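Here you get one chain, nothing else, as structure tokens; it is the form deposited without its partner chain.
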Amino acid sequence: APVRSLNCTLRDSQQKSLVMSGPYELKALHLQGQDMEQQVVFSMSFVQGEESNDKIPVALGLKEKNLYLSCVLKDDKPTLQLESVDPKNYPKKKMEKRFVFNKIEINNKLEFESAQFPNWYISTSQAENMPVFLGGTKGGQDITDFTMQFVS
């Protein structure tokens, strides 16, 4: 059948929102009131992959954009990028592995682990207005826990 998707927003555990800045540039900042319109709305697709009660493979596309978060080696490191796709072909149930995150529910928060790069997570910095990145530990000063808000 089709792939199933939900619209949503994400905020890090310090309650920073994710907003688009430069071309293909996703950053996190503290946001409230009128400025909340600037936050990125995701289309979270439920995709093919290894699954358990608390570990659900997803893709994260930008709502009504042919852009997906992906995990690739860049200058020899697991990095987070926004990648363009053919809008006729996406989303799909069998997303390529670089697009797949394991959405993990622990203690009423979510972590998004790269399916391609085990133990690398969507991360934010404590500082305002810094890139969203792929970080190689769910431990230390960088933030790897999020909450989801469901959108119409």
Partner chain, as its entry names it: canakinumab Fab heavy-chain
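For clarity, a rigid core is taken as the largest C-alpha set superposing within 1.5 Å between two forms. Residue numbers count along the first chain shown, from 1.
> With everything overlaid on the rigid core, name the stretch, 96 to 104 or 51 to 59, whose CA atoms wander farther on average in 8 other deposited structures of this protein.
Farther from the shown form on average in 8 other deposited structures of this protein: 51 to 59.
> Which of 125 to 133 and 21 to 29 lies farther, on average, from the shown form in 8 other deposited structures of this protein once the rigid core is superposed (C-alpha RMS)?
Of the two stretches, the larger average C-alpha offset in 8 other deposited structures of this protein falls on 21 to 29.
> Once you work out the mean C-alpha B-factor for both 133 to 141 and 14 to 22 from the entry, which is higher?
Looking at the recorded C-alpha B-factors, 133 to 141 comes out higher on average.
> So 89 to 97 or 46 to 54, which one's hotter by mean CA B-factor in the entry?
On average, C-alpha B-factors are higher across 46 to 54.
> Against its chain's modelled residues, does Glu105's Cα B factor rank lowest, middle or highest third?
CA B-factor rank for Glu105: middle third.
> Looking at the entry's B-factor column for C-alpha atoms only, identify whether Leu31 ranks in the lowest, middle or highest third of its chain.
It belongs to the middle third of the chain when residues are ordered by C-alpha B-factor.
> Check where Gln116 lands among this chain's C-alpha B-factors and tell me if it's the lowest, middle or highest third.
It falls in the middle third of the chain.
> Select lowest, middle or highest to describe the third in which the CA B-factor of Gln38 falls within its chain in this entry.
Highest third - that is where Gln38 ends up once the chain's C-alpha B-factors are sorted.
> In terms of the CA temperature factor given in the entry, to which third of its chain does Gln149 belong: lowest, middle or highest?
It belongs to the middle third of the chain when residues are ordered by C-alpha B-factor.
One more form of this protein exists, namely the form solved in complex with its partner chain; it is left out here, but the text below deals with it.
> So which residues in 14 to 51, when you check its partner chain in the bound PDB entry, have a heavy atom no farther than 4.5 Å from it?
Heavy-atom contacts to its partner chain in the bound PDB entry: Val19, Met20, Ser21, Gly22, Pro23, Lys27, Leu29, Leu31, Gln32, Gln34, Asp35, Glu37, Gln38, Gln39, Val41.
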